[PDB]
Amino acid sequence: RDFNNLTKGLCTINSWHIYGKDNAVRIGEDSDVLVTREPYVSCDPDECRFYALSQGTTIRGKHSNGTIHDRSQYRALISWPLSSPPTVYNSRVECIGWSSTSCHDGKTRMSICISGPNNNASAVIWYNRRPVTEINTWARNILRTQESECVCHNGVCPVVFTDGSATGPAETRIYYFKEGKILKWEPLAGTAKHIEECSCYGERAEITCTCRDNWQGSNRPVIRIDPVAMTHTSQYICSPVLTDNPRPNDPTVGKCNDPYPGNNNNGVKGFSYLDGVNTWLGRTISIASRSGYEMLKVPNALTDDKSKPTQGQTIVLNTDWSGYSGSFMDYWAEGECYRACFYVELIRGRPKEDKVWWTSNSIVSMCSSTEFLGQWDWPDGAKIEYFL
């Protein structure tokens, strides 16, 4: 095997087709399904799999009480077969911790998990299923990373980390790994003022990451990385189609180089594909909560501070719960272009459904089509009443 190179451009996105769906909460009402959150999808050269952070309990288990909490000693990054649920019996643990990323470089997979108390966390970087490198907290305040896949080019796999405040300036670093070893790291540069939970994809030897400005911005920060020079830039999506949550209503003109205000100290992980007129943004439908999910075609969103939608697709109705969302692609597929894909975490339980004592999720995932396909909506599908 050779290292994968990002040689292709994105396919033209004219609609989105169903790729995967695990129905995990429905199925786990009466089977041994682990409680999860922060899911994602990532491909190897011969298989694509679902990933998430386990909570170290089943959803029917008594230890599901308290799983609203984000960080414990009982979390782990797990992966499992595409569209199956994350079960006790089919989930493979990648590493232990409560914040993660993972990617395949064409030869083997790198997985990173962060664990520890808030003031003393550490990342362990695994390569070929073995621990290789460790990184201690630099700011002593919840070292944390993408919660979706990284992207590699000729063996170099950049990863975005943040350590520091969620409600003011923090210390974001871009690490450049190869075979699980640190080649270089850089502090964040550019005009993004706060970065968390980057969702990345690669095309034509460039990696684009759409992130969460938790502190101030309802527009999303974007980091663009050259994995050969090992350098990057940052800005915000210019468009007035605002894509964080909660957020204010959409204005007429956005902000390219600073956070669009109205909502402070909160957000959600999300994504975009930024490719000129072939630009699609994901967002929750609700401006107030993680409710609904839609894709909007917003030509030149990155650069055009007045850009509005020209097409769209509903993914989850606004009468259903959504959650985090992120990007991935099958960099080992056949053909001339990389097909954009994404997932949406469908959060069930706390805090919005507080008649149960747990929080979990299922996954839905879609990829682009060059056809203009009909749309369905894809809810989680479980009935909370059954769990009482």
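The first residue of the sequence shown is number 1, and the count goes up from there.
Higher mean CA B-factor, judged across 350-358 and 53-61 from the recorded values: 350-358. Once the C-alpha B-factors are averaged per stretch, 253-261 and 98-106 rank with 253-261 first. By the numbers in the PDB entry, the CA B factor is greatest at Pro299 among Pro131, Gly202, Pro86, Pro299.
Listed residues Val159, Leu77, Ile287, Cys152 were ranked by CA B-factor as deposited; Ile287 comes out on top. Compared with the other modelled residues of the chain, the Cα B-factor recorded for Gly270 ranks in the lowest third. Sort the chain's modelled residues by C-alpha temperature factor and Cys337 lands in the middle third, per the entry.
Per the PDB record, residue ranking by Cα B-factor puts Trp215 in the highest third of the chain.
When the modelled residues of the chain are ordered by C-alpha B-factor, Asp46 sits in the highest third. Among the modelled residues of the chain, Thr191 sits in the highest third by CA temperature factor in this PDB entry.
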